[PDB]
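Take a look at this single chain, the form deposited in one PDB entry, given in structure tokens.
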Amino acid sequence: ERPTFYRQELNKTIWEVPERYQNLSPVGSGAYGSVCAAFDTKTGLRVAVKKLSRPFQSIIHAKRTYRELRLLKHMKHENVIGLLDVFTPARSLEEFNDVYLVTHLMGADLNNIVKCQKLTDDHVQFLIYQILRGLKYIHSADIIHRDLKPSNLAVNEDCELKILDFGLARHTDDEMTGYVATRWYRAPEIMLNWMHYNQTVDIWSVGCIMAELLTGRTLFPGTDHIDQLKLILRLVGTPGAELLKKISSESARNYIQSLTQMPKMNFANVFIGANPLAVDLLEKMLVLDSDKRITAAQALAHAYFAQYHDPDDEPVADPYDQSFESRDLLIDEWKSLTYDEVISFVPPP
């Protein structure tokens, strides 16, 4: 049964949304795309409404629209952003051309938390616990976040946390250039394209985030890719023979071999005053060889989280069929698939 929709101008375009959503107000300062906060009068929830920009203008846009909708429809986990609603004012596939995604709105991101608050060790435990609990779920569906950073960890007043923006990858070279947070949380294998990477890139990012909650300071605030790699290698040491062999980029291998060999530093001296259990977990996360990093499931059982860990309440995801990713389709075929997903949406309980 079709809701009645109303129109207003927001973010220099016409937003057309069901009446249940009231007091739309732009948020994010552009960062999360075209997102408005709203009040969902039907549920009493503060919601975030994302209007997809030009979702079917190219094959690339059409496929990424389908991708985002597929991802959100799948994720049903307390620590992972999920889909409250998805709609279009279109009454048929022919007229279908805008997609609006509705999620919970959290009051802040972690970037603002670590900037404006003092985090106790207990706050760090709880926050990192929740990130790993959400990542266990994401990783179990064979989704890689690839871009985990403080600004995509959404947090309410009770420090309850949801992970945003997983599996969408993105980013231009210019965006990754220079003294920029966009690059500081990236695993070096993906920063320098050493090899075909996998979900283990996300654990590096968690290590960088955790260290920063502990010290209040960016762990590897490189001024550029090369300066960042040097900051990283000073802390964790230069690669050994075994890791070198795994760098399939011959070019990248050759460069990294030009560097003066350095040993791994003592993490107790780097993280003075930190809980020894935090120091140990950092050591297990910040391993240069991605093969040897602790996994999210393993990390949840680490002694640092003894107060939060519950093995009966760390769920995994239902199978996520992402065979569409291998598929070459036309714009109108991606658009039809997206429409089927809009039409079949059933809201959460």
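One-based numbering along the sequence shown. By rigid core we mean the largest C-alpha set that fits within 1.5 Å across both forms.
Among the other PDB entries of this protein that were compared and that flank it with modelled residues, residue 103 is modelled in all, so it is never left out in a third of them. Omission of residue 179 is seen in a third or more of the other entries compared for this protein where the adjacent residues are built.
When the mean C-alpha temperature factors of 170-178 and 224-232 are read from the deposited coordinates, 170-178 comes out higher. The PDB entry reports B-factors from which the mean C-alpha value can be compared for 192-200 and 110-118; the larger average falls on 110-118.
Compared with the other modelled residues of the chain, the Cα B-factor recorded for residue 275 ranks in the middle third. Per-chain ranking of the deposited C-alpha B factor places residue 292 in the middle third. When the modelled residues of the chain are ordered by C-alpha B-factor, residue 333 sits in the lowest third. The PDB entry assigns residue 95 a C-alpha temperature factor belonging to the highest third of its chain's modelled residues. Among the modelled residues of the chain, residue 42 sits in the middle third by CA temperature factor in this PDB entry.
Form deposited in another entry: not shown, discussed below.
Once the two forms are fitted on their rigid core, between this form and the one not shown the CA displacement reaches 2 Å or more only for 247 among 83, 247, 279, 141. Comparing the forms between this form and the one not shown on their rigid core, the Cα displacement of residue 217 stays under 2 Å. With the core held fixed, residue 198 shows a CA shift of 2 Å or greater between this form and the one not shown.
With the core held fixed, the Cα of residue 266 is displaced between this form and the one not shown by less than 2 Å.
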